[PDB]
Amino acid sequence: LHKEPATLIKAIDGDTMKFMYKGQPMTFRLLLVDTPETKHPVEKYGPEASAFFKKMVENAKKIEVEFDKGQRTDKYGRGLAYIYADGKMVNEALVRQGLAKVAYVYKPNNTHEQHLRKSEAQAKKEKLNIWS
Ligand SMILES: Cc1cn([C@H]2C[C@H](OP(=O)(O)O)[C@@H](COP(=O)(O)O)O2)c(=O)[nH]c1=O
Ligand SMILES: [Ca+2]
């Protein structure tokens with residue numbers, strides 16, 4: 001896997017964002033996680049997850065996207081990646097706070113699954129947010 005740059009245009013919710021990627025605006029969706037819903041007809045921790053994601057990506061010097069080994073987009077045309085803000089994976093950061101659950105684990109895009117599950121298990125043991 002490799003990391004590629006991208007530019008933040010807008011944070012949408014806990015797990016979806018608009019990026020300028022190779023000079024074209026594109027929606028991206030975090031791999032392997034689900035933040036609580038705030039759009040579709042509001043789940044507990046949805047606004048909290050959304051705020052955490054927004055703050056982490058808005059404050060970054062450098063944003064990178066890392067595709068996994070399979071599909072790079074989902075059926076809605078969203079890019080599927082691990083997103084890094086100054087080298088810190090946002091997917092893991094949300095899970096580690098109990099603001100997302102490991103979810104949507106679709107092979108072959110499961111490279112960081114165990115890493116994320118370990119963070120989830122720590123958030124759960126610490127009784128954080130969704131696990132509280
Ligand atoms: C994270 C992810 C979501 N999806 C799809 C599954 C869900 O489709 P359906 O909407 O048809 O259920 C939706 C979950 O995204 P959201 O959590 O943004 O709604 O996006 C993928 O196909 N691949 C992925 O890797
Ligand atoms: Ca979601």
Side-chain angles (χ1 to χ4, degrees):
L1 306 189
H2 73 290
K3 298 194 225 296
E4 290 177 55
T7 310
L8 182 67
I9 295 161
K10 186 162 136 95
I12 304 287
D13 70 341
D15 59 27
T16 302
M17 59 222 78
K18 308 281 174 176
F19 285 164
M20 189 74 82
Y21 173 72
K22 307 188 133 350
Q24 284 287 112
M26 154 153 221
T27 303
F28 274 79
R29 168 64 165 86
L30 297 178
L31 278 172
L32 294 184
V33 306
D34 190 28
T35 59
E37 182 61 55
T38 67
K39 306 300 170 170
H40 201 297
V42 186
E43 302 188 306
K44 50 218 219 67
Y45 298 105
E48 288 79 5
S50 292
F52 185 96
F53 177 82
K54 178 173 199 294
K55 186 170 194 179
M56 183 164 180
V57 297
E58 290 187 346
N59 278 139
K61 301 188 286 189
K62 300 196 264 211
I63 293 286
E64 295 164 298
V65 299
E66 178 185 59
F67 297 101
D68 210 326
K69 64 196 210 279
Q71 300 96 319
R72 289 188 179 195
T73 65
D74 69 9
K75 65 175 134 88
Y76 300 107
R78 303 181 293 183
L80 294 174
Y82 308 104
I83 279 56
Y84 295 81
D86 290 328
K88 293 188 172 165
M89 198 198 303
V90 177
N91 314 49
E92 189 279 336
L94 284 162
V95 172
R96 179 66 180 85
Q97 295 298 322
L99 289 173
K101 291 168 192 179
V102 179
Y104 295 121
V105 183
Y106 302 132
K107 302 171 99 62
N109 287 337
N110 68 343
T111 295
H112 300 317
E113 186 189 357
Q114 295 316 132
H115 175 68
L116 294 177
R117 290 204 181 278
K118 287 170 180 188
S119 285
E120 184 173 96
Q122 193 61 36
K124 185 177 316 119
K125 178 209 287 232
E126 293 180 4
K127 272 267 172 305
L128 303 184
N129 292 313
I130 286 163
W131 308 112
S132 71

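Whatever order the structure lists ligands and atoms in, that order sets their numbers, starting from 1. In this chain, residues are counted from 1 in sequence order.
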| request: Tell me, yes or no, whether the heavy-atom count around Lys69 atom NZ, taken from other residues, nucleotides or ligands under 6.0 Å, exceeds 12. | output: yes
query = Using a distance-only test with no angle check, is there a side-chain donor-acceptor pair under 3.5 angstrom linking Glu66 and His112?
reply = yes
Nearest non-hydrogen protein atom to atom 8 (O) of ligand 1, with distance, is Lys75 NZ, 3.3 Å
Short version for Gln71: what comes under 4.0 Å of ligand 1, heavy atoms counted, is neither
Original post:
Does atom NZ of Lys54 have more than 12 heavy-atom neighbours, drawn from other residues, nucleotides or ligands, at distances under 6.0 Å?
Top reply: no
Open item on the list: Is the ring pair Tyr106/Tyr104 parallel, tilted or perpendicular, if the boundaries are 30 and 60 degrees?
Closed with: tilted
For atom 17 (O) of ligand 1, the closest protein heavy atom turns out to be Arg29 NH2, 2.8 Å
Near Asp34 (heavy-atom distance under 4.0 Å), the atoms of ligand 1 are 17 (O)
Nearest non-hydrogen contact to atom 4 (N) of ligand 1 from the set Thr73, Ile12, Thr27, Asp74 belongs to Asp74
| In terms of side-chain heavy atoms, does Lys127 have a donor or acceptor partner in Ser132 at a distance below 3.5 Å? | no
Residue, atom and distance of the protein heavy atom nearest atom 19 (O) of ligand 1 read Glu37 OE1, 4.3 Å
Q) Under 3.0 Å from the Ca ion (ligand 2), is there an N/O/S atom belonging to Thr16? A) no
Note: O(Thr35)-the Ca ion (ligand 2)-OD2(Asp15) angle, rounded to 10 degrees, equals 90°
closest protein heavy atom to atom 7 (C) of ligand 1 is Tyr104 CE2, 3.8 Å
- Message: Parallel, tilted or perpendicular: which one describes the rings of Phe19 and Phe28, with boundaries at 30° and 60°?
- Response: tilted
Nearest non-hydrogen protein atom to atom 24 (C) of ligand 1, with distance, is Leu80 CD2, 3.6 Å
inquiry  = Could you check whether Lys10 pairs with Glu58 (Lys NZ or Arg NE/NH1/NH2 to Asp/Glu carboxylate O, under 4.0 Å)?
reply    = no
Any side-chain donor near an acceptor of the partner, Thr38 and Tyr45, under 3.5 Å: no
closest protein heavy atom to atom 10 (O) of ligand 1 is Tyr76 OH, 3.1 Å
Any heavy atom of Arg78 under 4.0 Å from ligand 1? The part involved is side chain
Exercise for review: Go through the side-chain N and O atoms of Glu4 and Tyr21 and say whether any donor and acceptor fall under 3.5 Å apart.
Suggested key: yes
Has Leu30 got any heavy atom lying under 4.0 angstrom from an atom of ligand 1?
-> yes
Is_contact(atom 12 (O) of ligand 1), protein non-hydrogen, under 4.0 Å | no
| Is the Ca ion (ligand 2) under 3.0 Å from any N, O or S atom of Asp34? | yes
| query | Between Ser50 and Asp13, does any side-chain donor sit less than 3.5 Å from a side-chain acceptor? | reply | no
